[PDB]
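Architecture at a glance
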Amino acid sequence: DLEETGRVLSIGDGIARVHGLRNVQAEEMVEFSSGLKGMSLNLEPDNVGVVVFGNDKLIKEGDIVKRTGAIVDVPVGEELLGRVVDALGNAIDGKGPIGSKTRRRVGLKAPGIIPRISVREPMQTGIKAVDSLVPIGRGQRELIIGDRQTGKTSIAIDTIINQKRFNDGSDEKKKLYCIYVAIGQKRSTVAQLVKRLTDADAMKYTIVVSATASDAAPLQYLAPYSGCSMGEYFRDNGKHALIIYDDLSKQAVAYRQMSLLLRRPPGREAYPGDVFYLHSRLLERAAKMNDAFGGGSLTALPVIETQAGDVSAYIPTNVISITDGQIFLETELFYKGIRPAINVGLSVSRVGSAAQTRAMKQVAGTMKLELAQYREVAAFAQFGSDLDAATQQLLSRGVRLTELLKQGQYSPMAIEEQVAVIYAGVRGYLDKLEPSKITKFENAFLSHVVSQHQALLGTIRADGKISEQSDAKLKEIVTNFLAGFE
Amino acid sequence: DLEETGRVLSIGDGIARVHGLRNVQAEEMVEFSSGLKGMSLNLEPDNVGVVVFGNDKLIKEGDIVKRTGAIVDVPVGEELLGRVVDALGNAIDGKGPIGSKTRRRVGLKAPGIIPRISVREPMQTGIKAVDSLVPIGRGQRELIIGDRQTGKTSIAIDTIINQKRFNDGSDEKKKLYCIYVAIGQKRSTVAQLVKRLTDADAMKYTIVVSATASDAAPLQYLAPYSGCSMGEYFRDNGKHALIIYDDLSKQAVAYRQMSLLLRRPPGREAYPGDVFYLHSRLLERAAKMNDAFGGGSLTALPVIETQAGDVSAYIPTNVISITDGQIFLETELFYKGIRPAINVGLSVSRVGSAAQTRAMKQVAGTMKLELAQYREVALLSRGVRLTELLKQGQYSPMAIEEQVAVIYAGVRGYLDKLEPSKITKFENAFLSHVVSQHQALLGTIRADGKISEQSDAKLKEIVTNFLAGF
Amino acid sequence: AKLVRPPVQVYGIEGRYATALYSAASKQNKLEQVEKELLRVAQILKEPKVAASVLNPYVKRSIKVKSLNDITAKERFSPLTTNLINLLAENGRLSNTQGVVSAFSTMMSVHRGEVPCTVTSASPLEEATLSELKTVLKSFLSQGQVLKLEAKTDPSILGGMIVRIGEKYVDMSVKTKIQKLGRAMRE
Amino acid sequence: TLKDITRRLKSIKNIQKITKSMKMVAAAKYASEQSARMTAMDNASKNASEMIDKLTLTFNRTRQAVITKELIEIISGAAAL
Amino acid sequence: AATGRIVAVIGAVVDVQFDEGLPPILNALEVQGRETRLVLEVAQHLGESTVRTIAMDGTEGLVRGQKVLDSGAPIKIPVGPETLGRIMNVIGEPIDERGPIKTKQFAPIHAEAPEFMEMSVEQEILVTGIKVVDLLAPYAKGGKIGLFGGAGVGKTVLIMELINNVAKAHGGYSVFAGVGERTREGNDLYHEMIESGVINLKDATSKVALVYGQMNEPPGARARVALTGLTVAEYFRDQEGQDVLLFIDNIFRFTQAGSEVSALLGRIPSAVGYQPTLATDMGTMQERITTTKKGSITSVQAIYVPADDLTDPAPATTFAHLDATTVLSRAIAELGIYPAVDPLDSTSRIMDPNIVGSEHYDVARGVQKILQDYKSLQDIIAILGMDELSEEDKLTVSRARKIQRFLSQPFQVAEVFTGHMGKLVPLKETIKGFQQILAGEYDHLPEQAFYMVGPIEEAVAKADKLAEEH
Amino acid sequence: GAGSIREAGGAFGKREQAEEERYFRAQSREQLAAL
Ligand SMILES: Nc1ncnc2c1ncn2[C@@H]1O[C@H](COP(=O)(O)OP(=O)(O)OP(=O)(O)O)[C@@H](O)[C@H]1O
Ligand SMILES: Nc1ncnc2c1ncn2[C@@H]1O[C@H](COP(=O)(O)OP(=O)(O)OP(=O)(O)O)[C@@H](O)[C@H]1O
Ligand SMILES: Nc1ncnc2c1ncn2[C@@H]1O[C@H](COP(=O)(O)OP(=O)(O)O)[C@@H](O)[C@H]1O
Ligand SMILES: [Mg+2]
Ligand SMILES: [Mg+2]
Ligand SMILES: [Mg+2]
């Protein structure tokens with residue numbers, strides 16, 4: 001145990017300027033005499049700028065700093081499922097050590113142009129609005145952007161809870177392992193989230209990487225890359241992972257702190273010149289591999305909090321530029337009763353219908369066209385009774401489809417039932433019903449189709465489409481329940 | 001020596017880097033070989049950063065700097081009453097020296113929690129809108145905020161002129177000694193102001209601290225604290241003082257210059273990091289003392305000029321979050337004829353009806369409610385009568401009983417038939433009438449503090465017979 | 001003009017003047033002489049009258065460089081040392097002089113192959129084990145280096161010895177051993 | 001002020017949409033006072049979109065200036081170190 | 001322990017050179033040769049055996065070379081039941097003139113946050129008796145609350161009403177931390193706590209501990225006083241298992257204090273002129289204000305929002321540390337509705353049908369929906385006026401205005417501001433009244449019948465009286 | 001931007017407030033007299 005060392009020249013704000021360490025590498029992990037860790041971010045001619053993985057009151061001028069000789073790496077594997085870990089993969093849930101066998105560097109490069117295939121398989125969220133209008137595919141990077149307290153974490157958590165139907169089944173091709181990175185959150189918020197995921201039995205296929213608000217800025221900066229490596233393990237071994245960075249605004253803030261304290265040249269909003277490079281090299285790692293590489297995938301759902309809806313801020317601009325689409329949430333829609341408060345006019349998915357089953361494609365093309373026409377003529381509500389019959393019909397169908405998209409929290413729907421409800425909606429079978437009842441109907445009807453009509457739901461689920469037998473049977477079920485409905 | 005004495009390393013822009021001076025304290029007053037004074041603000045390993053209280057034309061590289069051993073302090077006492085002084089206490093009114101026996105540090109600490117007591121006595125400004133809807137009590141900090149040429153100094157000068165009725169009487173509990181601090185103003189503006197104060201015979205109980213636009217930035221930075229010490233003398237001897245800082249925007253500008261030249265890093269709008277501290281440690285020294293400490297008070301009326309109505313700027317937000325209430329003056333209201341242009345929807349007084357006489361409390365509750373309801377529907381004629389009743393001529397501050405009388409004549413109905421363009425006319429005539437014949441009723445309301453049913457009925461007949469005669 | 005850079009680098013004003021002088025002295029093969037002359041000129045520098053006259057900020061740089069010039073001529077120095085002192089006086093870095101000096105010194109500290117290595121122990125250990133570690137350690141060296149040991153004694157390690165060989169660092173102390181065992185006990 | 005301009009832009013975009021819808025309703029009912037209302041609300045929507053275009057130009061200028069002012073503050077604070 | 005010397009004094013930042021025994025960061029150092037106790041907290045190691053420190057009091061009169069002694073620990077304040085009924089400052093000195101605080105144990109004001117396995121997920125509604133809070137954004141026992149507001153919207157009045165109701169209903173050692181506020185409000189609170197019996201100067205059954213560092217303090221004291229109050233509350237939670245209430249007013253000042261030293265510590269500013277370490281400083285402070293498995297801490301923090309921004313980095317960063325935000329609006333205070341709680345901007349994590357019951361949740365969502373619809377209809381009302389609205393829409397606007405007035409409530413602490421009496425409305429009465437207004441059960445009553453009433457029976461009685469008069 | 005016109009102030013937000021107050025003081029008068 002002969003080790004190459006250096007001395008702390010100075011320490012402050014979590015930055016240690018270290019003498020010596022002549023052979024340390026850029027982004028190499030070093031270890032202080034206190035037991036604290038650090039990462040060499042600035043290699044300068046006379047000092048090394050180390051960022052401290054902890055509290056700098058333990059580091060004093062003159063303390064010995066050892067090398068480890070290794071870039072930062074984290075444990076990966078299936079032994080991490082059901083665990084809450086920190087940014088470096090140490091268990092923080094008190095359930096014993098992580099019995100992993102493999103380690104993976106947190107800063108590996110993304111797959112190239114050739115190892116990829118197009119995004120074609122659906123990633124079901126269980127939210128009607130997302131799965132129908134803003135579809136997400138396996139290998140996509142869909143941004144969840146919105147103001148505070150607009151329902152973003154709820155979208156992530158429904159997407160995580162929904163995968164239980166696929167993970168309890170036997171189809172290994174449709175299993176999705178979830179990873180939730182929490183950056184800069186309270187520990188009690190993360191404990192509430194972990195409890196919610198345990199109650200839903202969603203922990204057995206979920207990893208929770210937790211770099212909370214009292215953790216040092218290097219840990220919050222590193223937590224997305226740790227989680228991304230944990231998911232790249234699955235992406236590389238023929239399996240499919242989903243990762244939710246909640247949220248990347250706070251990681252950008254942590255990185256800006258580290259950079260400003262290292263005296264790196266500030267830019268717009270004091271962010272360093274390579275904050276785009278930060279988020280882009282994090283997000284290009286979510287890929288879809290071709291069958292020559294196992295066929296695995298990693299889907300990224302980064303979260304971004306905008307201030308007053310300002311999507312022209314620096315970090316929102318960057319991450320909107322990087323991703324493959326966005327799910328935008330509004331607070332006005334939230335308090336109007338539209339929940340999940342998804343703004344359909346602004347939301348987009350540049351993958352689109354290539355990430356939908358044929359059944360949802362059938363009903364969702366119609367629903368999208370109809371809600372678009374509704375949005376065009378929607379200002380004329382408050383006056384609509386004084387326009388054409390066609391305009392009143394557009395308004396009627398639009399409000400019916402709007403109420404059809406509302407959904408409860410923590411209750412993700414299977415794709416067959418979503419298709420059945422959107423069928424009842426876009427086929428006209430809700431025009432004679434008045435709006436205040438749609439949601440109610442939507443509930444009761446659902447129970448009906450779940451109880452006495454497992455054959456149709458199972459056949460749609462097995463076919464992926466609504467064939468003519470399926471279509472006519474759905475027609476009959478809808479009209480019967482509607483005629484006999486209170 | 002190099003312990004009690006130093007040598008100027010470099011001089012420029014009113015900052016002197018001094019060599020030596022090993023024993024000098026932070027914020028100590030040093031003296032250059034030319035007769036100028038300075039304050040030691042940066043104690044650095046190799047030099048002292050001295051801010052010069054004057055013109056650095058006379059300081060040369062190599063000059064000798066000596067110590068005074070004393071942290072900056074000003075003369076205090078009653079001898080300063082009637083005098084015009086500069087930021088360091090030197091008289092500039094051309095009347096010889098001030099025979100002060102006491103000197104007081106300018107950077108003292110505000111009283112704590114224990115020495116204080118709740119704000120109970122009213123500070124009468126003589127301005128119906130203020131005395132009625134945004135009242136001020138002795139020991140309060142009331143901000144006068146607005147754009148340029150909206151009427152802030154007018155409010156302050158009306159306030160100072162009003163206290164003559166109290167200062168020439170007998171009861172020492174209602175006397176208020178005023179202090180006007182002029183920061184960064186034009187010198188002829190201050191001469192005009194001292195003229196308005198002397199003509200109204202208000203200068204006998206007033207001190208004017210003048211740090212005008214040609215005075216060095218240290219002097220303009222230091223003048224509010226000098227005025228505050230001159231007022232704390234009265235506050236700590238059982239007397240009541242009132243201080244006006246006109247204005248603190250220019251003090252913050254002087255402090256920003258002084259700091260940027262000391263090479264201290266700039267913050268928002270190049271203002272130093274601690275400009276909030278700059279104003280908070282000053283405005284916290286206005287306080288009401290408990291009876292174990294004499295019961296004296298110091299009331300602060302800071303003034304803030306906003307740019308184009310931007311109360312969301314740095315310095316206005318700082319001083320708004322420090323003070324106990326704000327008088328908002330708007331230009332839109334000023335040109336519509338509302339003078340003093342007080343925006344009542346925005347004017348706050350965190351002390352409230354506790355700082356008010358009971359009679360004015362009664363009538364002003366009704367006035368506040370009626371004026372709120374009128375600002376909702378813009379009865380309409382009653383609100384118009386009242387809003388015209390709030391208007392007031394300049395340098396004409398009214399007594400509290402006459403304010404009560406006119407608020408009453410407008411709020412009980414005795415104006416609802418009169419013509420709006422005649423209201424003002426009526427008003428002044430009415431006042432003359434009362435002040436010619438009904439000194440008994442007014443002495444009654446003044447000494448009683450409230451309006452009894454006897455006084456209520458008496459001025460009932462007064463206003464009725466008048467409105468008939470008018 | 002290509003430089004002869006020293007084996008170890010020093011940075012700052014001290015490092016720049018020391019590197020300049022090392023390069024100038026290696027071109028003329030006068031390194032040891034310049035070394036002895038800087039030792040002497042630094043000990044001259046620490047003279048109280050001379051220190052008072054050289055640190056003085058209001059003395060004109062003309063008189064000060066003339067003073068350093070004549071007081072170097074009183075010593076009969078090499079042209080390299082004379083020009084160094086005049087370059088330091090002309091630039092106003094005389095205050096850094098000793099620093100510069102020591103920099104050059106520590107530069108040649110490694111030129112002679114002298115490897116600095118300190119052995120911290122609990123209580124002052126006697127010379128037998130010290131020559132033992134002398135011999136067993138000079139095995140750690142490359143071609144032609146000699147040890148500079150500084151046996152320090154802090155008992156707060158309560159056993160073993162912490163050996164810093166240049167920049168290599170072995171922790172044979174018992175405190176780290178027992179803490180490592182304890183961390184294995186708790187983790 | 002950026003917040004002033006954003007408030008005013010929102011208000012006037014809302015006025016524009018309301019007058020546009022009132023114009024459409026009047027042009028429906030027009031199948032003398034109804035034609036007058038149709039033209040009045042059409043002119044109101046034209047003027048509202050004019051004001052919206054001017055205010056959008058002002059808004060863009062002001063937000064660019066705000067970004068530059070903050071950058072200059074950060075750069076000036078960093079160059080003092 | 002170790003002794004060093006002052007080598008530089010720039011504002012509130014002091015550099016100290018230690019020859020032997022450099023102190024760790026966050027240690028408290030005592031300056032030798034001063035009249036009062038001056039403490040410097042180590043912030044950085046500068047190299048060359050010099051440390052940069054932040055001063056906890058004023059730095060006037062400091063001399064280069066003055067001796068500084070290392071204490072060997074952070075600031076240690078006395079903790080224990082003896083602190084109840086006392087006032088201490090940032091460094092634990094008693095500032096109530098009642099003598100020393102003889103506790104048997106002292107705690108350092110810097111500690112680590114509780115771990116993840118120490119968190120509790122229990123969410124239980126804390127009924128305050130305030131209509132809007134309990135209805136739309138109810139507080140939870142053991143949760144963090146946070147009250148957002150600009151200057152003058154009612155953060156102090158709301159926090160004092162919460163003190164009143166809860167703390168006098170509570171049985172678990174409240175703690176109040178005044179962080180950079182007005183000293184006048186500190187004296188006011190101290191005395192309305194003495195006369196309330198919550199603080200007992202004799203027969204020590206006091207149940208509140210007060211920690212105060214106000215606006216006149218240097219930046220260091222205002223940045224550490226929140227940690228002092230937090231440490232008192234933490235001792236009560238951990239070493240006694242009690243359930244503590246922690247009131248903090250104002251927590252923004254904590255953040256602001258950091259800014260005022262940031263550049264003087266040599267740090268490049270981040271956005272809006274805030275320290276590059278804003279989020280992590282806020283984190284390491286707020287993550288200690290939490291309920292653990294060892295005890296409970298309900299915390300109410302008044303959060304100043306500069307210029308009514310809410311997007312400023314300080315409030316925007318605070319938002320994610322809270323469980324139930326109450327956002328006070330100036331647009332609502334200017335309507336006359338108090339408290340000025342914004343119903344469409346306030347949030348609570350227990351506004352969950354599985355927690356508050358489906359009736360509570362449905363009433364809350366219906367109130368929020370009708371208020372949003374009123375917003376959407378007000379544009380149409382601005383253009384087409386009121387008479388050209390649908391009948392359903394006139395009904396919406398009527399019920400919405402009634403609900404707006406009914407969210408208003410008279411406070412016991414605002415009895416001077418309003419003249420009204422205090423009302424404390426139970427939870428089921430609130431749900432029932434709002435359900436009845438949403439149902440149409442009070443379409444016939446005027447809207448001024450719901451302004452400043454308690455339960456709905458009071459709205460009915462007020463309508464009957466308002467009719468019986470006229 | 002649902003209450004954008006009256007959150008902006010100005011003539012279109014102040015006239016809206018005046019119109020609302022007029023209508024509802026009328027209705028409160030014709031509601032109190034019918035009690
Ligand atoms: N579909 C829904 N139906 C009803 N309530 C919902 C729904 N989605 C979210 N909510 C509620 O809206 C509130 C805000 O949601 P959430 O916390 O998930 O969003 P967020 O953007 O992550 O907030 P934060 O800023 O704290 O991160 C929550 O109380 C949540 O319970
Ligand atoms: N109540 C009033 N009645 C009539 N005129 C007034 C009144 N108040 C102010 N004025 C006049 O309006 C002008 C405003 O001047 P004033 O000095 O009082 O305001 P200011 O805010 O201090 O402006 P400045 O930027 O010059 O300091 C003055 O000419 C003053 O005479
Ligand atoms: N609940 C209330 N009832 C009546 N008036 C209030 C109420 N809250 C605030 N106010 C008024 O607003 C003023 C400012 O209140 P304050 O508590 O000081 O707000 P802040 O702490 O945010 O500055 C008060 O003096 C009072 O006049
Ligand atoms: Mg969230
Ligand atoms: Mg003026
Ligand atoms: Mg307050």
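Residues numbered from 1 in each chain as written, not as in the entry; some residues may be left out. Chains lettered and ligands numbered in written order. Part of a larger assembly, values for the part shown. Heavy atoms only, no water.

As recorded in the PDB header, cryo-EM is the method behind this entry, and the stated resolution is 2.61 Å.

Attention shifts here to the overall build of chain A. Counting its regular elements, chain A contains 15 helices and 16 strands. Relative to the compact-globule value of 23 Å for 486 residues, chain A shows a C-alpha radius of gyration of 25 Å, a close match. Sequence separation of at least 24 residues holds for 74% of the intrachain contacts in chain A that already meet a minimum separation of 6. Carbon and sulfur atoms make up 49% of the accessible area of chain A, which totals about 18,000 Å². Here chain A holds 60 positive side-chain charges and 56 negative ones, and the gap between their average locations is 1 Å. (Helix = DSSP H or I, 4+ residues; strand = E, 2+ residues; numbered from the N terminus. Rg over C-alpha atoms; globule rule 2.2 N^0.38 Å. Contact = heavy atoms within 4.5 Å. Areas by Shrake-Rupley, 256 points an atom, 1.4 Å probe, with all protein chains shown as cover. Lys, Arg positive; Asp, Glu negative; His and termini not counted. Charge placed at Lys NZ, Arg CZ, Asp CG, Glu CD.)

Moving on, we get to the side chain of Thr206 of chain A. Tracing the backbone shows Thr206 of chain A in strand β12 (residues 206-211). Engagement of the side chain of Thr206 of chain A in a polar contact is seen with the backbone oxygen of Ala202 of chain A, the distance being 2.6 Å. (Polar contact = N/O pair within 3.5 Å; in protein donor to acceptor, adjacent residues only side chain to side chain.)

It is worth spelling out the site of ligand 1 at this point. Lining the immediate surroundings of ligand 1 are 14 residues, of which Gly151, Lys152, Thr153, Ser154 and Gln409 of chain A lie closest. Each of chains A and E places residues next to ligand 1. A distance of 2.9 Å is found between an oxygen atom of ligand 1 and a backbone nitrogen or oxygen belonging to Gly151 of chain A. The side chain of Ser154 of chain A places a nitrogen or oxygen atom 2.9 Å from an oxygen atom of ligand 1. Isolated, ligand 1 exposes 630 Å² of accessible area, and the fraction of that covered by the protein chains is 79%. The element contributing the most residues to the shell around ligand 1 is helix α2 (residues 152-162) of chain A, with three residues. Residues of the shell around ligand 1, tallied by class, amount to three nonpolar, seven polar and four charged. (Near = heavy atom within 4 Å. Nonpolar A, V, L, I, M, F, W, Y, C, P; charged D, E, K, R; others polar.)

Of the residues lining the interface, 61 residues belong to chain E; the matching set on chain A comes to 53 residues. Regarding the contact of chain E and chain A, the summed buried area is about 4,500 Å², with carbon and sulfur atoms giving 56% of it. Between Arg196 of chain A and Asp352 of chain E there is a salt bridge, with its nearest N and O atoms 3.9 Å apart. Where chain E meets chain A, there are 18 residue pairs in polar contact. At the level of secondary structure, the elements contributing two or more residues to the side of chain E that touches chain A comprise β4 (39-47), α6 (278-286) and α10 (358-384) of chain E. For the side of chain E that touches chain A, the leading source of residues is α10 of chain E, giving eight residues. Residue classes in the side of chain E that touches chain A are distributed as 29 nonpolar, 20 polar and 12 charged. One ladder, built from two bridges, connects strand β1 (residues 3-12) of chain A with β4 of chain E; its direction is antiparallel. (Buried area = accessible area lost by both parts, 1.4 Å probe. Salt bridge = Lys/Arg side-chain N within 4 Å of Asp/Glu carboxyl O. Pairing = 2+ DSSP bridges.)

A separate point is the sheet that holds strand β13 (residues 240-246) of chain B. All names here are of chain B. Spatially, the eight strands line up as an open sheet ordered β8-β12-β11-β13-β14-β10-β15-β16, and their pairing is mixed. The sheet terminates laterally at β8 (84-85) and β16 (348-349), the two strands that pair on one side only. As paired strands, strand β11 (residues 177-183) and strand β12 (residues 206-211) are joined by six bridges and run parallel to one another. Considered in β12, the bridge of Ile183 is made with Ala211.

One widely used convention gives an interface's size as the accessible area the parts lose upon coming together. Each partner contributes residues to the interface: chain B has 49 residues there, and chain E has 46 residues. Taken together, the two surfaces of chain B and chain E that pack against each other cover about 3,800 Å², and 55% of this comes from carbon and sulfur. Counting the contacts that link chain B with chain E gives three salt bridges. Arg182 of chain E serves as the salt-bridge partner of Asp324 of chain B, at 3.3 Å between the closest nitrogen and oxygen. For the pair chain B and chain E, the number of links is 14 residue pairs in polar contact.

One finds no contact between chain C and chain E; the C-alpha atoms of the two approach each other to within 14 Å at their closest. At no point do chain C and chain F touch; the closest pair of C-alpha atoms across them sits 56 Å apart.

Summed over all chains, the structure comprises 33 aromatic pairs over all chains. A ring pair is formed by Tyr233 of chain B and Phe234 of chain B, whose centres lie 5.4 Å apart and whose planes are at 85°; its orientation type is edge-to-face. For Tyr233 of chain B, a relative accessible area of 22% translates into the label partly exposed. Over the ring of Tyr271 of chain B we find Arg256 of chain B, and its NZ or CZ is 4.4 Å from the ring centre. Taking the ring centre of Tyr304 of chain E as reference, the NZ or CZ of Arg253 of chain E above it sits at 5.3 Å. (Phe/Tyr/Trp six-rings, centres within 6.5 Å; stacked < 30°, edge-to-face > 60°. Buried < 20%, exposed > 50% of the residue type's maximum accessible area, 1.4 Å probe, protein only. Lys NZ or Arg CZ within 6 Å of the ring centre and 35° of its normal.)

Below, the discussion takes up the pairing of strand β3 (residues 28-31) of chain E. Residue and element names in this part refer to chain E. On β3, burial covers both faces: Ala28 and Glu30 on one face and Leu29 and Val31 on the other are all buried. Direction of pairing for β3 relative to β4: antiparallel, over a ladder of three bridges. Looking at β4, one finds that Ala28 is bridged to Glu41. In terms of strand pairing, β3 meets strand β6 (residues 67-70) through three bridges, oriented antiparallel. Its bridge partner lying in β6, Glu30 is registered against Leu69.

Here we come to helix α3 (residues 183-194) of chain E. Every α-helix winds through 3.6 residues per turn, so residues three or four apart in the chain are directed the same way. All names here are of chain E. With 12 residues, α3 extends 17 Å between its outermost C-alpha atoms, agreeing within 8% with the 16 Å of an ideal straight helix rising 1.5 Å per residue. When you tally the buried positions in α3, you get nine out of 12 residues, the bulk of the element. Residues of α3 that are buried: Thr183, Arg184, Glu185, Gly186, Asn187, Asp188, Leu189, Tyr190 and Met193. Looking at the buried side of α3, the elements it contacts are β8 (87-88), α2 (155-169), β13 (174-179) and β14 (208-213). (Expected span 1.5 Å × (residues − 1).)

Contacts to ligand 3 come from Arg350 of chain B together with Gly150, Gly152, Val153, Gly154, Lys155, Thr156, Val157, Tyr338, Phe411, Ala414 and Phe417 of chain E. Ligand 3 is flanked by residues contributed from chains B and E. Between ligand 3 and the protein, one listed contact pairs an oxygen atom with a backbone N or O atom of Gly152 of chain E at 3.0 Å. Taken by itself ligand 3 offers 560 Å² of open surface, and the protein chains cover 90% of this. Among the elements that make up the shell around ligand 3, the one with the highest residue count is α2 of chain E (three residues). Among the domains, domain 2 (76-348) and domain 3 (358-465) of chain E are the pair contributing at least three residues each to the shell around ligand 3. (Domains from an automatic or database assignment.)

Residue and element names in this part refer to chain A. The sites that UniProt annotates as "binding site: Mg(2+)" are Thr153 and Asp246. In terms of the greatest pairwise C-alpha distance, the residues named above, spread along 94 residues, form a tight cluster of at most 7.3 Å across. Examined against the element boundaries, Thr153 turns out to sit in helix α2. Among the residues examined, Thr153 registers a relative accessible area of 32% and is labelled partly exposed. (UniProt positions renumbered as here; feature names shortened; annotations may be inferred.)

Our focus in this paragraph is the packing of helix α10 (residues 358-376) of chain B against helix α11 (residues 380-390) of chain B. Residue and element names in this part refer to chain B. Contact geometry for α10 and α11: axes closest at 9 Å, N-to-C directions at 120°. Judged by the inter-axis angle, α10 sits oblique to α11. Every pair of crossing elements has a handedness; the one defined by α10 and α11 is left-handed. Residues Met367, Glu370, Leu371 and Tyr374 of α10 form the contact with α11, whose own contacting residues are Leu380, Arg382, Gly383, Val384, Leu386, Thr387, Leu389 and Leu390. Counted by class, the contact of α10 with α11 contains eight nonpolar, two polar and two charged residues. (Axes fitted to C-alpha atoms, helices over the stretch in contact; angles between N-to-C directions. Parallel < 35°, antiparallel > 145°, perpendicular 65-115°, else oblique. Left-handed = near helix turned anticlockwise from the far one by under 90°.)

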